[PDB]
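Residues 5 to 131, 135 to 509 in PDB author numbering are what the sequence shown spells out, letter by letter.
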Amino acid sequence: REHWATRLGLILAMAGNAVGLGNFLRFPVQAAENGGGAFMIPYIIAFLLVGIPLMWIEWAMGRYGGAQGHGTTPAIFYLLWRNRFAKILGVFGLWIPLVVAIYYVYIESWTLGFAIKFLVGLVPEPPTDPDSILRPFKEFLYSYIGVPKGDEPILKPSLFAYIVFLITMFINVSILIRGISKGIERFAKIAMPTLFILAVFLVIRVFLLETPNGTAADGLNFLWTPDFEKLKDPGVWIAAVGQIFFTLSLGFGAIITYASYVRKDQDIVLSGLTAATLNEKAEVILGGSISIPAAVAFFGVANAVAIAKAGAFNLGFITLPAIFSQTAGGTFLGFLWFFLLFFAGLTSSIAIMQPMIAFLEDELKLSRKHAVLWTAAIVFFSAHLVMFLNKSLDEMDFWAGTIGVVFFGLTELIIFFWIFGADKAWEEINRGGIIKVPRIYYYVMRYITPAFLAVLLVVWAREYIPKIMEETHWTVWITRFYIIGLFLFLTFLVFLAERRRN
Ligand code: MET
Ligand code: NA
Ligand code: NA
């Protein structure tokens, strides 16, 4: 089996997996919609009671299976639990990261296209009226991805966006095709430091923004000023948990796959904690101190919150660059922003495609070259669905990137810490660890976490089961139909891999 060269490269590769678009786009939106500081309390708690324990759990499961030559859940779920149904559940460890990858890589190609256009200086040019400043950039984005005037089902991506997507795929391939140590690790040691530098620079530059409408300090205050009136709102807890799952790459089967390349004897405790810690630092300190403070600086808190609620991409691709264009060298500053997003996304995209690649290598015994090329072909082809079908992206991000990750997170925890045995799991986690997991986390993993997630899923299911059936748009049905087809396809591959063994 292939292994990580150094401990540092391992940390940066894992950090690269977690730290991504979720930090600089998803988080700011989530924190702003839930009342800033009010969102921080449930967020930290969710990080302690869910993020950390699951992180360690995924690392352990990854290394455990990796020792036997299996990096994907279909095989690992079977090693921990002997059953056909264990393999079927394991299919999600491929389905989720593949589905997510389909639209994630497209969003990534956006930041690249924007990065390129902002570098060359091809951007809209605003003249004191907020709408007259934002409109040009809204029209810019809509011209790029091909947004319809009314609410029409069809998208019309510009030739450029399409070509940029091809290029993005090519970049993802050139990195993945070189393997774990030569491809991902090498790039991690570069991308990450660069990412951190750009982030710090942007945070500082943004912190210097002060206008008659407010300052960046007002945004930092808003985000870090506690509010206990929102602690009774379940939605805030749900959003915080969802964010923790998405930002830490939990339930994507990505962490497990990456962990399967960790030598059986190497530590996974201190390594995992470091990766997760690096992600939170990059999330709350960096990600939360760029977008939000900037919007609050120019448009004040009320408007900033309004803009955050407006959409997930509205703050990142429209509002922020619009704000920069009003400052000296704002065009180049926008370039740095989109270059930051691109690297963060690139380090993450290669992580959610790896599970698929690792399954082809491990279970179907395909060479690394073929596995990567086929995985790229699949994602690229499937991507057309997100490119040309409106609301398709949201559907995939919901079923896979929201509901699926939590369900899968609960499933993997139940399989590892209950069925496989709590003591055996605990001993497997601490084995070879430079430091040891606090004894208390044994009862967080076994009791607190699964209960919290179970409750969360029940609540979710109750609200979504009626809405699903009554949904007018056909685009969403096509999407559901197709992703379901993907699931069958993967289940069929798992079947073939199972027969080859015999
Ligand atoms: C694409 S890996 C899962 C998502 C990633 N951790 C992010 O926050 O962007
Ligand atoms: Na990343
Ligand atoms: Na993250």
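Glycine included, each C-beta is placed from N, C-alpha and C at the ideal position.
By the neighbour-count criterion, in which a residue is buried when 16 or more other Cβ atoms sit within 10 angstroms of its Cβ, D404 is buried. Only buried fits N286, as 16 or more other CB atoms lie within 10 angstroms of its CB. For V451, no alpha helix (DSSP H) encloses it, and the DSSP letter there is neither H nor E.
For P160 against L396, the beta-carbon gap comes to about 7 Å, under 8 Å, which counts as contact. Only exposed fits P445, as fewer than 16 other CB atoms lie within 10 angstroms of its CB. Taking all protein chains shown into account, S332 has 16 or more neighbouring C-beta atoms within 10 Å of its C-beta and is therefore buried. Contact holds between the region 239-256 and the region 402-422, because three or more Cβ pairs, one in each stretch, are under 8 Å apart. Judged by the Cβ position, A319 fails to qualify as a neighbour of ligand 1 at the 8 Å threshold, every heavy atom of the ligand being at least this far. Taking the CA atoms as reference points, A17 sits about 8 Å from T354.
Just so you know, the alpha carbons of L53 and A223 end up roughly 31 Å apart.
In the three-state reduction of the DSSP assignment, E129 falls in the coil class, being assigned neither a helical nor a strand state. In this structure, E402 is the residue among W467, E435 and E402 with its C-alpha nearest to the C-alpha of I100. The Cβ atoms of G20 and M176 do not sit closer than 9 Å to each other. The C-beta of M476 has fewer than 16 other C-beta atoms within 10 Å across all chains shown, which makes the residue exposed. Here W484 is exposed: its Cβ has fewer than 16 other Cβ atoms, across all protein chains shown, within 10 Å. For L183, the CB stays at least 8 Å from every heavy atom of ligand 2. Judged by DSSP in its simplified three-state form, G221 adopts strand. Sequence-distant Cβ neighbours of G294 in its own chain, meaning closer than 7 Å and more than five residues away, are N27, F28, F31 and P32. Scanning its chain for C-beta atoms nearer than 6 Å, with the 5 sequence neighbours on each side dropped, one finds around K145 the residues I325, in chain order. Shown here, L12 sits in a helix according to DSSP, grouped into three states. As for any alpha helix (DSSP H) of minimum length 4 sitting wholly inside the region 41-120, the runs are 41-50, 56-70, 77-84 and 88-94, ordered along the chain. The shortest C-alpha to C-alpha distance from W433 to any of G258, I275 and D369 is the one to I275.
Three or more pairs of CB atoms, one per stretch, sit closer than 8 Å, so the region 491-508 contacts the region 368-385. Beta-bridge pairing by DSSP links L396 to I161. The residues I106 and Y110, in chain order, have a CB closer than 6 Å to that of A390 in the same chain once the five nearest residues on each side in sequence are set aside. Not one heavy atom of ligand 3 is found less than 8 Å from the C-beta of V54.
Non-local C-beta neighbours of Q361 in its own chain, meaning closer than 6 Å and more than five positions away in sequence, comprise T264, ordered along the chain. If you ignore the 5 residues before and after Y489, its C-beta comes within less than 7 Å of the C-beta of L392, all in its own chain and listed in chain order. A Cβ-Cβ distance of about 6 Å is found for the pair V95 and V501, placing them in contact under the 8 Å criterion. Around the CB of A468, fewer than 16 other CB atoms lie within 10 Å, so the residue is classed as exposed. Between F194 and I182, the C-beta spacing is below 9 Å.
For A468, the enclosing alpha helix (DSSP H) covers residues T456 to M476. Taken in chain order, no unbroken stretch of beta strand (DSSP E) lies wholly in the region 313-362 with a span of 3 residues or more. Proximity to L25 across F388, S296, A378 and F350 peaks at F350, based on C-alpha coordinates. For ligand 1, no non-hydrogen atom lies closer than 8 Å to the CB of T264. Counted as a single uninterrupted DSSP element, the stretch harbouring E6 is not any alpha helix (DSSP H), since DSSP gives it neither H nor E.
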